[PDB]
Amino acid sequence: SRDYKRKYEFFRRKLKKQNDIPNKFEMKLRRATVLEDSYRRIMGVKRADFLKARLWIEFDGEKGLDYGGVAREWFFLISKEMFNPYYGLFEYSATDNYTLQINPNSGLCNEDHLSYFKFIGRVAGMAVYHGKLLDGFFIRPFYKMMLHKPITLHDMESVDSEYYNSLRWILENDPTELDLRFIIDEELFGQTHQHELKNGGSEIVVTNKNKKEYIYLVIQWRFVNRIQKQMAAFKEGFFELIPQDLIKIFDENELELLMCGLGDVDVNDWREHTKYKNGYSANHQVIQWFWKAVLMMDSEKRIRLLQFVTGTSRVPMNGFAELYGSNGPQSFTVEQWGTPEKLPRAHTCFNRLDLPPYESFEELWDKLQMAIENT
């Protein structure tokens, strides 16, 4: 089979251009109401295929800009809004994670919530159709639901590890003597909430004979049952732009990468194909601290550092041994430039981090992550 790169190019060949469509899609929005205005237009088009036209976007009556860049800005701005937990469509999967899942209480904000999921679906499809990325990472089960792949216990590990270990225990041992029932206790607002996994579930005991069912119903309750209509509205919109036949070529990792640009970076591969100049070296103290800092950063923040130094996020194929700059090949490198008072600067055309010789690890962390806060 093909690898991701060939897969993508194959996918692009199959995604045929739209003939029977106006040569552009005009929408004029206002930054302060970018959600309401984007929604109204994109959900108002005669046909979804109008969205496949080249994107002619205009913010606030500001006339005369490069539409390839204004659109990229829109994808960034509309993502920020759609995926803000304030609105109640999406919420963080856990207190300790940066990943997003559908909020099952979405309907309480807005009775009309489902049509907003279709909108988000269309915009996601538009990102994929025109080759731009959404700004936001979803939980793995979001990506599997899109591909109609089964949600597994393995998918619980990435989200909630303590809960995954209780269910793995149950899987690997006989739970009969625990006297567990076909119910789920949930903690909300400092109260206990018990839900039937099935009819008369409180009176049915979990054993080795029915536990595979048990684990399945749990996983469903956690990731599917309360969010079926929302996801189904999101998919309808998404599939109005990308035929679901075509998306099945990718698996859940490749799909995340396609839509959003993961998100899973081997820091060892990063470290062993790096150069050092202007006094720095493989074992210099400042460089040790740099590699410590990177190690402890969020996989989201590691990428935002890579975006800053490279140009955009997209680790090359075969790892960091084949990184390219502007003119030909260019390995990731660090140069001892400037003085501790100034932040680090990046030359994207030479994939190089100009890094001052800082005196402390925490100073390095302070200055490095300030200079990343821009993209």
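Think of the rigid core as the biggest set of C-alphas that the two forms share within 1.5 Å after superposition. The numbering used is simple: start at 1 and walk along the sequence shown.
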Check your understanding: Core fit done; bigger CA RMS in 4 other deposited structures of this protein for 116-124 or for 256-264?
Key -> 256-264
Practice item. Could you check whether 160-168 or 188-196 drifts more from the shown form in 4 other deposited structures of this protein, using RMS Cα distance once the core is superposed? Key: 188-196
Check your understanding: With respect to the recorded C-alpha B factors, which stretch has the higher mean value, 71-79 or 208-216?
Key -> 71-79
Check your understanding: Is the mean CA B factor in the deposited entry higher across 297-305 or across 187-195?
Key -> 297-305
Check your understanding: Out of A53, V45, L35, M317, which residue has the highest Cα temperature factor in the PDB record?
Key -> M317
Practice item. Kindly indicate the residue among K118, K277, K144, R168 with the greatest C-alpha B-factor in the PDB record. Key: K277
Study note, to complete from the structure: Here the Cα B-factor of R345, set against its chain, lands in the third termed highest
**Study point:** Relative C-alpha B-factor of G263, binned into the chain's lowest, middle or highest third
**Key:** highest
**Study point:** Ranked C-alpha temperature factor of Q228 among modelled chain residues, by third
**Key:** middle
Exercise for review: Report the third (lowest, middle or highest) to which the CA temperature factor of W270 belongs, ranking only the modelled residues of the same chain.
Suggested key: highest
Revision key, fill the gap. Among the modelled residues of its chain, the C-alpha B-factor of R181 falls in the third labelled lowest
